[PDB]
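In C-alpha coordinates, one chain follows: the form solved without the partner chain.
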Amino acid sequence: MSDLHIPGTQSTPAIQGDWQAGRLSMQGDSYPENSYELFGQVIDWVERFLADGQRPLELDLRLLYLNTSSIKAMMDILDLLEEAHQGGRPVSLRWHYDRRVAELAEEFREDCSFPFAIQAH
(Lines give C-alpha, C1' and ligand atoms only; values in the text may rest on other atoms or scores of the structure.)
Protein backbone atom coordinates (compact mmCIF):
# COMPACT_ATOMS: atom_id res chain seq x y z
CA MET A 1 0.00 0.00 0.00
CA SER A 2 2.99 2.29 0.52
CA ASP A 3 4.39 4.64 -2.07
CA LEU A 4 7.85 4.16 -3.51
CA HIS A 5 10.06 7.19 -2.98
CA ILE A 6 13.72 7.11 -4.05
CA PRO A 7 15.46 10.52 -3.80
CA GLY A 8 17.48 11.48 -6.84
CA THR A 9 21.26 11.85 -6.73
CA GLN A 10 23.98 12.86 -9.14
CA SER A 11 24.14 9.30 -10.52
CA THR A 12 20.70 7.86 -9.71
CA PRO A 13 17.21 8.98 -10.75
CA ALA A 14 14.48 10.26 -8.52
CA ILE A 15 11.71 7.62 -8.51
CA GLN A 16 8.15 8.04 -7.22
CA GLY A 17 5.69 5.18 -7.09
CA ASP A 18 2.23 6.64 -6.37
CA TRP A 19 0.23 3.60 -5.25
CA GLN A 20 -3.17 5.24 -5.21
CA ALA A 21 -2.78 7.11 -8.47
CA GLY A 22 -1.21 4.03 -10.05
CA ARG A 23 1.69 6.11 -11.36
CA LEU A 24 5.38 5.29 -11.52
CA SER A 25 7.55 8.33 -12.31
CA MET A 26 11.31 8.68 -12.82
CA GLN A 27 13.50 11.72 -13.48
CA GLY A 28 17.23 12.17 -14.09
CA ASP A 29 20.22 10.09 -15.05
CA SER A 30 20.94 6.56 -14.01
CA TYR A 31 24.58 5.48 -13.97
CA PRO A 32 24.81 3.74 -10.59
CA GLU A 33 27.52 1.24 -9.79
CA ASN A 34 24.91 -1.31 -8.66
CA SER A 35 21.72 -0.94 -10.70
CA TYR A 36 19.91 -3.92 -9.21
CA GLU A 37 20.46 -2.44 -5.74
CA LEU A 38 18.60 0.64 -6.97
CA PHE A 39 15.96 -0.91 -9.27
CA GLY A 40 15.27 -4.23 -7.56
CA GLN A 41 12.87 -2.50 -5.18
CA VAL A 42 11.21 -0.77 -8.17
CA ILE A 43 10.64 -4.06 -9.95
CA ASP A 44 9.27 -5.41 -6.67
CA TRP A 45 6.90 -2.46 -6.25
CA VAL A 46 5.56 -2.92 -9.78
CA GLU A 47 5.12 -6.66 -9.18
CA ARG A 48 3.16 -5.99 -5.98
CA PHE A 49 1.04 -3.29 -7.61
CA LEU A 50 0.05 -5.71 -10.38
CA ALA A 51 -0.66 -8.55 -7.95
CA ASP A 52 -2.70 -6.68 -5.34
CA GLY A 53 -5.32 -5.27 -7.70
CA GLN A 54 -6.62 -4.56 -11.19
CA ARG A 55 -6.15 -0.79 -11.45
CA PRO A 56 -4.23 0.77 -14.36
CA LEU A 57 -0.52 1.53 -14.07
CA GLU A 58 1.02 4.53 -15.85
CA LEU A 59 4.75 5.19 -16.26
CA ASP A 60 5.94 8.80 -16.65
CA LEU A 61 9.64 8.90 -17.52
CA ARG A 62 11.99 11.89 -17.69
CA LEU A 63 15.18 9.87 -17.87
CA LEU A 64 18.36 11.25 -19.39
CA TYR A 65 21.52 9.14 -19.51
CA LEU A 66 21.13 5.43 -18.72
CA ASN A 67 24.14 3.19 -18.32
CA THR A 68 24.14 -0.43 -19.50
CA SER A 69 22.85 -1.96 -16.28
CA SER A 70 20.09 0.68 -16.04
CA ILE A 71 18.95 -0.16 -19.58
CA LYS A 72 18.67 -3.80 -18.49
CA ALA A 73 16.73 -2.85 -15.35
CA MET A 74 14.24 -0.77 -17.35
CA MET A 75 13.80 -3.58 -19.88
CA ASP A 76 12.93 -5.83 -16.92
CA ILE A 77 10.27 -3.35 -15.77
CA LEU A 78 8.92 -3.01 -19.31
CA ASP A 79 8.83 -6.80 -19.68
CA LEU A 80 6.79 -7.00 -16.46
CA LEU A 81 4.37 -4.41 -17.84
CA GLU A 82 4.16 -6.19 -21.20
CA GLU A 83 3.35 -9.55 -19.59
CA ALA A 84 0.66 -7.82 -17.54
CA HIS A 85 -0.70 -6.00 -20.59
CA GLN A 86 -1.02 -9.24 -22.56
CA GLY A 87 -3.16 -10.43 -19.64
CA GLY A 88 -5.54 -7.50 -20.09
CA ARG A 89 -4.07 -5.06 -17.56
CA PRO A 90 -4.35 -1.40 -18.66
CA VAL A 91 -0.76 -0.13 -18.87
CA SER A 92 0.59 3.01 -20.52
CA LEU A 93 3.87 4.88 -20.71
CA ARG A 94 5.05 8.40 -21.49
CA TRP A 95 8.73 8.97 -22.32
CA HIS A 96 9.60 12.68 -22.20
CA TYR A 97 12.73 14.04 -23.82
CA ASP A 98 14.25 17.32 -24.92
CA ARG A 99 15.06 17.55 -28.62
CA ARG A 100 17.93 19.88 -27.67
CA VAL A 101 16.10 11.45 -31.87
CA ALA A 102 15.09 9.48 -28.75
CA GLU A 103 16.68 6.34 -30.14
CA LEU A 104 16.71 4.25 -26.96
CA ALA A 105 13.05 5.11 -26.31
CA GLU A 106 12.14 3.97 -29.83
CA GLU A 107 13.93 0.66 -29.32
CA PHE A 108 12.07 0.12 -26.03
CA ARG A 109 8.82 1.12 -27.76
CA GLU A 110 9.29 -1.62 -30.36
CA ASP A 111 9.31 -4.18 -27.53
CA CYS A 112 6.03 -2.94 -25.99
CA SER A 113 2.44 -3.54 -27.08
CA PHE A 114 0.81 -1.03 -24.72
CA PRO A 115 0.52 2.71 -25.45
CA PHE A 116 4.04 4.14 -25.35
CA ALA A 117 4.21 7.85 -26.13
CA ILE A 118 7.62 9.35 -26.94
CA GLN A 119 7.07 13.04 -26.43
CA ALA A 120 9.40 15.93 -27.18
CA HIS A 121 9.08 19.08 -25.09
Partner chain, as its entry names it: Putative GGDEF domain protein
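Numbering follows the first chain given and starts at 1.
Absent from the display: the form solved in complex with the partner chain. The rest refers to it.
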Could you tell me if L66 has a non-hydrogen atom within 4.5 Å of the partner chain in the entry with it bound?
yes
Using the partner position in the entry with it bound, report whether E107 sits within 4.5 Å of the partner chain, counting heavy atoms only.
yes
With the partner left out of view, is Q20 within 4.5 angstroms of the partner chain in the entry with it bound by any non-hydrogen atom?
no
Just checking whether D44 would be counted as a contact of the partner chain in the entry with it bound - the rule being heavy atoms within 4.5 angstroms.
no
Within 4.5 Å of the partner chain in the entry with it bound, heavy atoms considered, which of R55, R94, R48, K72?
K72
May I ask you to list the residues of 1-17 that have any heavy atom within 4.5 angstroms of the partner chain in the entry with it bound, in sequence order?
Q10, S11
